[PDB]
């Protein structure tokens, strides 16, 4: 597991150099928008269940066959398994936002997810469309102007978008 600061240190130690000025400034920047960052992290946590539940509902309405008899997701055992998994994606995307690095998500979660799903008869592209939908709701919650100090957490959003896409890309 590696975080934003740990990553830059990692690269500096490979060349055996003290952290250059510009790199200290790069991070100073991250420390600056930290309060905004945590706001994002906290909002996703609170609306966790809400996010996952709807992404599922939107998906069933999309590909209804997947969840009816014969489908790769029929039976409660399965139904709840799929929900659980979407919950997993969001959770690791969150860790990724808090860390500012995508490592945690890669190893602990996306590591061999494509193969697992494949050699288990799961659609894969359907999971990607589920991460996609989850991502829309996530962005709308995290960016809601109501209840938070008015400002610009634009970059934070572009960086959230990236994580979800990185997820969907790794299973499709």
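Residue numbers count along the first chain shown, from 1.
As recorded in the PDB entry, 9-17 is the stretch of 9-17 and 149-157 with the greater mean C-alpha temperature factor. When the C-alpha B-factors of 58-66 and 135-143 are averaged, 58-66 comes out higher. Highest C-alpha temperature factor among 111, 129, 50, 35, as the PDB entry reports it: 111. The PDB entry assigns residue 39 a C-alpha temperature factor belonging to the lowest third of its chain's modelled residues. For residue 29, the recorded CA temperature factor ranks within the middle third of the chain's modelled residues.
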